[PDB]
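This report concerns only the one structure given below.
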Amino acid sequence: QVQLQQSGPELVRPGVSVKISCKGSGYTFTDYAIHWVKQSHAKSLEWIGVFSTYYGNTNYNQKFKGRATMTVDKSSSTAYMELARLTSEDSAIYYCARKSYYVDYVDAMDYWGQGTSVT
Amino acid sequence: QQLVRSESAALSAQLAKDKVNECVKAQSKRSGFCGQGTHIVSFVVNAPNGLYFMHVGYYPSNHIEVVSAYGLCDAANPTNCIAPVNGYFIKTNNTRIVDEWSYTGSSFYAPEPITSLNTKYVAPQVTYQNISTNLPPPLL
Amino acid sequence: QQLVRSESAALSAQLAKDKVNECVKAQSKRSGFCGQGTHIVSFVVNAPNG
Amino acid sequence: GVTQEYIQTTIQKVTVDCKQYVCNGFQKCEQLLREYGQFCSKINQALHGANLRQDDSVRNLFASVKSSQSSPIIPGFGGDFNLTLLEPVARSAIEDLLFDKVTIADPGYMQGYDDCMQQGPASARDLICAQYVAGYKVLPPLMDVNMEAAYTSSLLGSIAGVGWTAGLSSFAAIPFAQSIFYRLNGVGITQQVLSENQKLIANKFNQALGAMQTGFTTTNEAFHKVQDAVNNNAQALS
Amino acid sequence: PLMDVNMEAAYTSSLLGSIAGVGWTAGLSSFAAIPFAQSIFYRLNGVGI
Amino acid sequence: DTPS
Amino acid sequence: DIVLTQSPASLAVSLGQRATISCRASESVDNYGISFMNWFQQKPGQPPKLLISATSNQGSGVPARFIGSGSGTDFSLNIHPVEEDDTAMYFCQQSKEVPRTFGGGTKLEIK
Amino acid sequence: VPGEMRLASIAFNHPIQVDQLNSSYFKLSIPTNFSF
Ligand SMILES: *[C@@H]1O[C@H](CO)[C@@H](O[C@@H]2O[C@H](CO)[C@@H](O)[C@H](O)[C@H]2NC(C)=O)[C@H](O)[C@H]1NC(C)=O
Ligand SMILES: *[C@@H]1O[C@H](CO)[C@@H](O[C@@H]2O[C@H](CO)[C@@H](O)[C@H](O)[C@H]2NC(C)=O)[C@H](O)[C@H]1NC(C)=O
Ligand SMILES: *[C@@H]1O[C@H](CO)[C@@H](O[C@@H]2O[C@H](CO)[C@@H](O)[C@H](O)[C@H]2NC(C)=O)[C@H](O)[C@H]1NC(C)=O
Ligand SMILES: *[C@@H]1O[C@H](CO)[C@@H](O[C@@H]2O[C@H](CO)[C@@H](O)[C@H](O)[C@H]2NC(C)=O)[C@H](O)[C@H]1NC(C)=O
Ligand SMILES: *[C@@H]1O[C@H](CO)[C@@H](O)[C@H](O)[C@H]1NC(C)=O
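Chains as they are written, first to last, in the deposited numbering: chain S, 1 to 52, 52A, 53 to 82, 82A to 82C, 83 to 100, 100A to 100E, 101 to 110; chain R, 1084 to 1223; chain Z, 1084 to 1133; chain H, 789 to 877, 886 to 1034; chain X, 937 to 985; chain V, 740 to 743; chain E, 1 to 27, 27A to 27D, 28 to 107; chain D, 753 to 788.
Structure (structure tokens):
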């Protein structure tokens, strides 16, 4: 019964920082890293970063290291991503996802949020 | 007959003396003595003509096999090499940890992030893995 | 005569047990036990009666 | 270099048919012997208790030599180290040298008693056939040589390693050569030297082991002790 | 017997009270005087847990 | 034979 | 990171026809024999869904119908019974190294 | 009453076999459920 609820889409003006959220449900939120992905086209998707929800450790795609950060509200079972300095090239569908290991030592994206978008 | 038995008892008493001053009064690293499960506290009680010892011990079960590395180094700086203290570096299999490698205990399996408390600096070696990006000890 | 020999063998077997759990299964720091040159790996094989 | 030692763990097990030893079933001595029948009962009980203790010391020892886990043994073990101790996949090349240099009489059991019998060579002179005249019985060893070989192969596969703390739980499973380098760094040799001399170290190690092929003479004290363990058993029966 | 059963009992009660623990280095001089449960946790961390 |  | 590419850019098949996708890597993805290859499925109006992993051709949210194959730099996906609910974009994924990039994908279609 | 004795072979419990590996990494065996 796992679910990944997400914040509504918005037409944000350029140069404004943008905050996006995803709330886990039906599982203990702190036992899984959250993955974030950007989609600009049906054939254009890319990894943004990953955030541990227990230790706060992160990794990011090199292109977003100076622009993106991530936080967690452990009492709301929610994760957040913030992106500095929005531009029209950032219009995308954004997706949170839950980390898993169906195969030993292979990271899997598992369940995905329905997505939200920013333009 | 009594003289022979008396001598063997004296030698046996010497053995008892050594176990009280090792296995009872301290944790032992020897293996060998005590139950075959490392060592943890032991107790002694009186018995007819002697001492009766009880040894608590630790018995492993449900062994699993994992990938492990001899050590880790920074690919950008070959002189920075670390190796685990009292544990091993294993490829992570835990959803909680974003880091590619993780630290575990030598008597029990449980992943943890690699931090300076769990490592020591060592001279570089050819078998150490080259980490292209993220290592916390040193961060750089 | 057999009772005496049986006892000495049992004590000797206890010594062998300790060397397997020190000198074979681990490097030893104790000096004086093994060959007189520190210690590095040791091996054990079957022999008649021992 | 290498040093060697022999530690005896058992006495050959013997029992005696006390009635048969004292007399050969002649009826006059059977009647006379009954007055002393309680001596033989004490003799049999004492020997029986001695043999039970020999069996327990063996089982106790083997329970600790066993490892819960080990590497499989394959050819080429140890890399550049020669490793002549590997089983001929059996016993071992070294065990065969030791058992062949020893002068002990061929064992009974199989066929045993039919080498006492006229269905065999006229040149047999075994004290083992004399057991069936004198009423002696040598009991078979408790373990079977094949299981004994399996217990020491398990020890060979537990090497590599013993380090990395504990070793009473986890099993390192690393190459033999790697465990040697850790042991050399454990005696204060710096790692820089060890990497420079790796082939030199392997050669010196192999020369020390190569001398074992000439070591089995009576001038080798450890070998001499093996030979006299055998001599003591033979003398007790004689 | 040389010791009497009561003195023998007293000697082994003294051993029971010396536990917890023999750690913290030495232990051939100072006496830690800590709860038994605490000494167990130090022993478990002493075996790599 | 199997226990009593 | 390893560049991943896929072909044919789209594929059209009759219903119940066997179909495959070829996927190439710029560098091998095997490390310690782990492989690290995941395949995904996506349709318009929804997030991508995990299908398989290189040792899981059943499980990981799917029926045995989706068969991954290959090793090293070469991989493929094989479905013997294609149905009209299998029309989707499909994507090879590298889990071996950060950024964890993945292919642009191909689209299955029913003729 | 009970029947005949049964001849049997003494079991040999084989050690867990951990595969030997070459290269820069190795297989490790570790327990997951200790018991006193
Ligand atoms: C690594 O993690 C995975 C998942 O976290 C573990 O996989 C589980 O294995 C047990 C063993 O039978 C199964 O009962 C579970 O169903 C598996 N879970 C999942 C989600 O697949 C795995 O055991 C862990 N350890 C190793 C050494 O692989
Ligand atoms: C990590 O990188 C270093 C290079 O900085 C590798 O070191 C090798 O060391 C051996 C010494 O035995 C040299 O002979 C090699 O020439 C070195 N290699 C290179 C590419 O310079 C080290 O082996 C690397 N780790 C792994 C697992 O490959
Ligand atoms: C060292 O290894 C060599 C092989 O690398 C072996 O020596 C040979 O062993 C076979 C088998 O008995 C003999 O037929 C050859 O005559 C041996 N050659 C020599 C030159 O001795 C053996 O494993 C090891 N030999 C020594 C002396 O340590
Ligand atoms: C951890 O190990 C314990 C043994 O110490 C196991 O629990 C026992 O499992 C057996 C399996 O046949 C049962 O018969 C017993 O009833 C169990 N309980 C005891 C002995 O108290 C089991 O393998 C593990 N337990 C866990 C993971 O909870
Ligand atoms: C181990 O590595 C060496 C390195 O070249 C290789 O030749 C050898 O075949 C490897 N061993 C096995 C069993 O594959």
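We put the CB at the ideal spot given by N, CA and C, even for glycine.
Please go through the same chain and pick out, in chain order, the residues whose beta-carbon is closer than 7 Å to the beta-carbon of residue i, but skip the five residues on each side of it.
i	result
D:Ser787	none
E:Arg96	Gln90
Z:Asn1132	none
H:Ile900	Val1026
Taking only beta-carbon atoms, is residue i less than 7 Å away from chain R?
i	result
E:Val94	yes
E:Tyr86	no
S:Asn56	yes
H:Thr872	no
D:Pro767	no
Of the residues the options, which one's Cα is nearest the Cα of residue i?
i	options	result
R:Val1128	R:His1122, R:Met1137, R:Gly1120	R:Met1137
X:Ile955	R:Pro1131, R:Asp1101, R:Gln1110, R:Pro1194	R:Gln1110
S:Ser44	E:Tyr86, E:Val58, E:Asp1, E:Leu11	E:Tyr86
H:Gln792	H:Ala1030, H:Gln1009, H:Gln1031	H:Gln1009
H:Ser858	Z:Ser1091, Z:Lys1108, Z:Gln1085	Z:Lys1108
S:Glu85	S:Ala93, S:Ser74, S:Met69, S:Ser108	S:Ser108
S:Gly15	S:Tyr54, S:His35, S:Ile48, S:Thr83	S:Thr83
E:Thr20	E:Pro77, E:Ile2, E:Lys107	E:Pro77
S:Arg66	S:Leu82, S:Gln1, S:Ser74	S:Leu82
D:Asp771	R:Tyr1142, R:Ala1092, R:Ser1151	R:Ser1151
H:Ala1018	Z:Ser1114, Z:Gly1118, Z:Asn1104	Z:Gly1118
E:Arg61	E:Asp81, E:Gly101, E:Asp1, E:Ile30	E:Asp81
H:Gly963	R:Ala1130, R:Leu1086, R:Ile1214, R:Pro1143	R:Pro1143
From which residue to which residue does the beta strand (DSSP E) around residue i run?
i	result
R:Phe1136	1133-1138
S:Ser44	44-51
residue 186 of chain S	The requested residue 186 of chain S is not part of the displayed model; chain S covers only 1 to 110.
R:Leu1222	Where R:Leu1222 is concerned, there is no enclosing beta strand (DSSP E), given that its DSSP letter is neither H nor E.
R:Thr1162	1160-1167
S:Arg94	88-94
E:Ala25	19-25
S:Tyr100A	Premise fails: S:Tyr100A is in no beta strand (DSSP E) and is neither H nor E.
R:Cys1156	1155-1157
E:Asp70	70-75
D:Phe778	777-782
S:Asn56	Run containing S:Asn56: none; DSSP gives neither H nor E here.
Spatial neighbours of residue i within its chain, please: C-beta separation below 8 Å, excluding the five flanking residues on both sides.
i	result
E:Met33	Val27B, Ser49, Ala50, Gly64, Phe71, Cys88, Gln89, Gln90, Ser91
H:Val941	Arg887
Is the Cβ of residue i closer than 7 Å to any Cβ of chain S?
i	result
E:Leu46	yes
R:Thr1210	no
E:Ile106	no
Return no unless some Cβ of chain H is closer than 7 Å to the Cβ of residue i.
i	result
D:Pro754	no
X:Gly953	no
D:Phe778	yes
D:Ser761	no
Got a sec: is the Cβ-Cβ distance from residue i to anything in chain D below 7 Å?
i	result
R:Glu1148	yes
R:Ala1152	yes
Is residue i close to chain E? Criterion is C-beta to C-beta, closer than 7 Å.
i	result
R:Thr1175	no
R:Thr1216	yes
Quick one: is residue i near chain X, going by C-beta distance under 7 Å?
i	result
R:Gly1188	yes
R:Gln1110	yes
R:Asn1213	no
With residue i as the anchor, note down where its alpha helix (DSSP H) starts and where it stops.
i	result
H:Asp896	889-897
H:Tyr809	806-810
Z:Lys1102	1085-1102
H:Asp843	825-853
R:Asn1129	R:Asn1129 -> not in any alpha helix (DSSP H); beta strand (DSSP E) instead, spanning 1125-1130.
Is there a C-beta anywhere in chain Z that falls below 7 Å from the one on residue i?
i	result
H:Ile799	yes
Could you name the residues of the stretch 1129-1146 of chain R whose beta carbon sits closer than 9 Å to any beta carbon of chain Z, in the order they occur along the chain? none
Residues in the stretch 25-43 of chain S with C-beta within 9 Å of chain R's C-beta atoms, listed in sequence order? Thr30, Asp31, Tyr32, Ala33
Identify each residue in the stretch 942-969 of chain H for which the Cβ-Cβ distance to at least one residue of chain X is less than 9 Å, and report them in chain order. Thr961, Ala962, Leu964, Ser965, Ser966
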